[PDB]
Engineer: 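The structure under discussion is supplied below as structure tokens; questions concerning it will follow.
Each chain gets a letter, A, B and so on, in the order the sequences are listed, and its residues count up from 1.
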Amino acid sequence: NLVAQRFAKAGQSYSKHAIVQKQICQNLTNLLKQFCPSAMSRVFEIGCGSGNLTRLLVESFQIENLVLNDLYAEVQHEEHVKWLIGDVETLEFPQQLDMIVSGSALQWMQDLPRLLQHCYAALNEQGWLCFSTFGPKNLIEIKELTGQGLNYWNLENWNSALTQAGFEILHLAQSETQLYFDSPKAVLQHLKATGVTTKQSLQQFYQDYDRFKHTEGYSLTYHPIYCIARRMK
Amino acid sequence: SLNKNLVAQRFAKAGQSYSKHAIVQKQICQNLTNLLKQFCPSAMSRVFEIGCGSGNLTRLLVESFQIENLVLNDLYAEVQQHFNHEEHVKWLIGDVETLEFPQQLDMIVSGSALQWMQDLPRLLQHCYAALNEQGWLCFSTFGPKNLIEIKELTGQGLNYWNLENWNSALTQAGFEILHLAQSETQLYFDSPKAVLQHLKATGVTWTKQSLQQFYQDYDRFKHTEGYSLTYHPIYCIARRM
Amino acid sequence: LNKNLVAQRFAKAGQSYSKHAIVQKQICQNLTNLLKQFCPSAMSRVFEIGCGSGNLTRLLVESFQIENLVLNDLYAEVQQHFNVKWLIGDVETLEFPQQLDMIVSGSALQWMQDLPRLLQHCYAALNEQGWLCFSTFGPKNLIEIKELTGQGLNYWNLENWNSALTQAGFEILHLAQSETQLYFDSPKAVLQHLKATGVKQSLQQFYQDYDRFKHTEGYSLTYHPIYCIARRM
Amino acid sequence: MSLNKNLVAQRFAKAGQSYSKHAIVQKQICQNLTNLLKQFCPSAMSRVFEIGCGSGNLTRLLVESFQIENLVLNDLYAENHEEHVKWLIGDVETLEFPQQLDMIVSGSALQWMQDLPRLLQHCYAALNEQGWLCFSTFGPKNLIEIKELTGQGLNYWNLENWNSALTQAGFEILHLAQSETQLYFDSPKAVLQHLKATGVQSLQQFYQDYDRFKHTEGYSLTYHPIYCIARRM
Ligand SMILES: C[S@@+](CC[C@H](N)C(=O)[O-])C[C@H]1O[C@@H](n2cnc3c(N)ncnc32)[C@H](O)[C@@H]1O
Ligand SMILES: C[S@@+](CC[C@H](N)C(=O)[O-])C[C@H]1O[C@@H](n2cnc3c(N)ncnc32)[C@H](O)[C@@H]1O
Ligand SMILES: C[S@@+](CC[C@H](N)C(=O)[O-])C[C@H]1O[C@@H](n2cnc3c(N)ncnc32)[C@H](O)[C@@H]1O
Ligand SMILES: C[S@@+](CC[C@H](N)C(=O)[O-])C[C@H]1O[C@@H](n2cnc3c(N)ncnc32)[C@H](O)[C@@H]1O
């Protein structure tokens, strides 16, 4: 019934711009409904944040045991949802899991190979490891003009890291989405309103943004990476 | 364009996956419905669907949108065998290029059916005259590389419009384009026989003689993952200008 | 309040002969003459419900100038009686053509399940001052067959039509009914006529029970057509 | 296998309400008598004779639908001019008939006759075997309101007088019907203006007298036409 495929998409659109991060969770949840069965028993979410993915998880899947992880419990049955709080690279994973899901969080990790060792041991055989992260061009306009940002993995780094850690890969995709704001100030407004973020430096930042001024506006790039994976066989 | 808190966007995607080859049409009607949830209001009084067919898109339309009056169109009258009679659903059976469109429509929707139209610019004129001001035109269709494997090996297919032929025809018909995209999917089957079985199982479709050389001809499309079959869906969310 | 039309009541009765096989056509001729009285000779858009073989259809085109003629019936197999625009299907489940000058129907509305709300679509599809003119059948139609076999249809009467037409927003310019009894030579001739017009001991009993419908001229068979000429107000 | 052309006996009754142009009443009686002629008579007729043609409203309907080879018109006066159109002017009860007729036709004229039984003797001898005698006249309820409010009016035959007289003269009756029509004018003056437009001190009481005929829809004027399709033996 299943058939391997390669795909490539492109188009021009309009976005509410304040919605960008929740729609990434919506796209990841579509991939979960595709591959994973409706019913699962034990699930572990890393970096749950405000809970945009968790509410999509519970309303689309039937899970009995749910473990939520983040540095803070800002998500506001109940004995079925338990709280593991702290840096996930410091904590011991819940065991015998059907699925580990993460959304927009793995880019903050310092030692991903070691963390994927914890993913392997905690998961059952053919247990699901599904996550969304970001590639090297995510918010690269801010990286060039301010010298700040994360060093991201690309698709080949993830591929050779999951295979070397003993994971079979079912889905591995990436996307580059350029938003075009009217002026460089609206770019900063979007970053504050979505929570990502001298007077000399401010307008000097607005001067150099002309290097990113296209016919439609000043560009801001999001580079989400999507992956669906299974353990061992 | 001059509207605030909406931002223009350009995107590109690529990846490798495992699909259920029989679910392709459901995948496209699901993708189009996901676009309808983004751009369109949750309630619509009058909606018109061209080429309802089995009803894959119709199922997704009624569960996500409160519709007061739903009008369904298709070529065959026995399309009404795949549906149960409801008071708020009317029918317009026949070739849609020969039928008067229902009046005062909030949205005209159609999934993987406009590629069978003979006169597309004349149909877009009817869409414009049937929609309310700022009425919705949202459709799925197919691009030029659609099933190019079957076009080359059998010499049969369709004439497909590309994005900027659509972009040009919609703008001059009076439509503003809010969303316009396309994707290319190559499915890798294990053998050319699975390609033919897939084409008949999903309802797209000589013997042993020509059936054997067609298998050897398909060797030109064999990747390391299997034998390719290309799908080229086109999506478009438009509004009456 | 028109200064040339005048309110009218009439009643007629008499004895005659009839070619028993042309009843359906004769019913159409009576409706066609009522159309000639009230209606303009030119109408751009006309919608005919239940055209059938086209008895009333050809009488419409012969005496009126129509630009858009839409013909409806249940079965597409009646287009083989013509050659217009075609609207095949159950009229109660069909999207009406809009901005109509007249909606015509001959001996077909007695088959409808929900007449009050089909009139609502007759109201919306018609222009201001649009015409609604039809012939149907009354409660005593084929009552000899319903009394003997228990089979038949529930027919509205005039007062039901006068009530539902004004409740839906229609004026009434003509509302009449006729009862006609044809006296066949024998009950066998009644069955022969019923199958020619397209409508062992159970058979002999039927011939016996029909003697209760014996008159001086023959055996009875009642037709009860209703004629109406309405207009949207 | 075989065609179907079986005449059957029939008794009918009609009733309803309507609107109509008051100036159009004789033209409609002519239109109704022409409908009966089309239902009983062949399209081809060699010799036709009309009694009381008058304005010619029935004559235009006759030649419109039937193929006549010789047409003789009769009336007290004379209102195409082909060579096969003859005129017989004068009191028809003092004139010898044209012989070997296929049909004798008359519209709204036989009510003025002084000796109908004698005139039926002439109709018999002039008609061929199975030759048609068709006419429209009026019954005793015709203009009954003007009859009692002025004490003036003609003496009319009823249906039984005609049925007995035709059978006595040697005629067979294939159709015999009567109709009562009550027109409702806004006021008795419009009744008089109708009586003066259609060729038919003490005034205020004649209006006061007319209140005896006041319905809810207006003041009544009654027409009582009689139709009969006969053929000679
Ligand atoms: C961009 S938010 C994601 C919010 C959204 N609900 C989702 O899941 O996609 C990423 C979250 O990961 C959390 N996070 C980052 N590093 C972490 C770590 N080392 N251990 C646990 N949580 C971490 C942060 O607190 C942040 O809330
Ligand atoms: C691929 S099917 C789409 C079925 C289903 N709605 C879906 O997309 O999953 C395309 C449909 O378009 C209809 N169609 C083709 N030509 C048409 C025409 N000229 N007018 C109306 N419908 C047409 C066909 O009947 C066929 O069922
Ligand atoms: C007695 S025939 C009339 C035929 C004749 N040509 C005429 O119109 O006077 C009635 C017709 O109505 C059609 N009919 C019955 N129910 C219908 C419905 N619900 N919707 C549309 N047509 C219907 C039937 O197919 C049938 O041909
Ligand atoms: C009231 S008109 C009806 C005319 C109408 N156009 C029609 O024929 O249907 C009857 C006609 O009969 C004529 N008529 C009356 N008495 C007649 C008589 N004795 N001989 C010949 N014509 C007579 C009158 O002159 C009158 O024109």
Engineer: C:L221 versus chain D, heavy atoms under 4.5 Å apart: side chain, backbone, both or neither?
Structural biologist: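 It is neither, since no heavy atom gets under 4.5 Å.
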Engineer: How long is the straight-line distance from CD of D:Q10 back to OH of C:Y223, given to the nearest 0.5 Å?
Structural biologist: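 It comes to 11.5 Å.
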Engineer: Considering all heavy atoms of both residues, which atom of D:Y184 and which atom of C:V6 are nearest to each other, and what is their separation?
Structural biologist: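 Between these two residues, the closest heavy atoms are O-CG2, 3.3 Å.
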Engineer: Below 4.5 Å, heavy atoms only, C-beta onward: do C:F38 and D:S20 meet side chain to side chain?
Structural biologist: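 When only atoms from C-beta onward are counted, D:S20 and C:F38 do not touch, as no gap falls below 4.5 Å.
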Engineer: If I measure from the heavy atoms of chain D, does C:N33 come under 4.5 Å with its side chain, its backbone, both, or neither?
Structural biologist: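 Looking at C:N33, just its side chain touches chain D.
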Engineer: Just give me the residue among C:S16, C:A189, C:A13 that pairs up with chain D most often, heavy atom to heavy atom, under 4.5 Å.
Structural biologist: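 Maximum pair count with chain D is reached by C:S16.
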Engineer: Applying side-chain hydrogen bond (donor to acceptor under 3.5 Å, both in side chains), run through C:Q37 and D:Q28 and close with a yes or a no.
Structural biologist: CA-CA 9 Å; C:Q37 283 186 40; D:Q28 189 148 226; 2.9 Å; yes
Engineer: Look up atom OH in D:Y19 and atom CD1 in C:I229, then write down how far apart they are to the nearest 0.5 Å.
Structural biologist: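 So the gap between those two atoms works out to 14.5 Å.
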Engineer: Side chains of D:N6 and C:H193: donor-acceptor distance under 3.5 Å anywhere?
Structural biologist: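 Looking only at side-chain atoms, C:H193 and D:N6 do not form any donor-acceptor pair under 3.5 Å.
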Engineer: At what distance, to the nearest 0.5 angstrom, does CG of D:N163 lie from CD of C:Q15?
Structural biologist: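 It comes to 8.5 Å.
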Engineer: Yes or no on side-chain contact (heavy atoms from CB on, under 4.5 Å) for C:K12 and D:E180, after CA distance, side-chain angles and deciding distance?
Structural biologist: CA-CA 6 Å; C:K12 326 152 151 164; D:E180 254 209 86; over 6 Å; no
Engineer: Say you draw a straight line from CG of C:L5 to CG of D:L183; how long is it, rounded to the nearest 0.5 Å?
Structural biologist: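 Output value for this atom pair is 11.5 Å.
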Engineer: Among C:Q177, C:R9, C:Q29, which residue has the highest count of heavy-atom pairs closer than 4.5 Å to chain D?
Structural biologist: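 Most pairs with chain D among the choices: C:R9.
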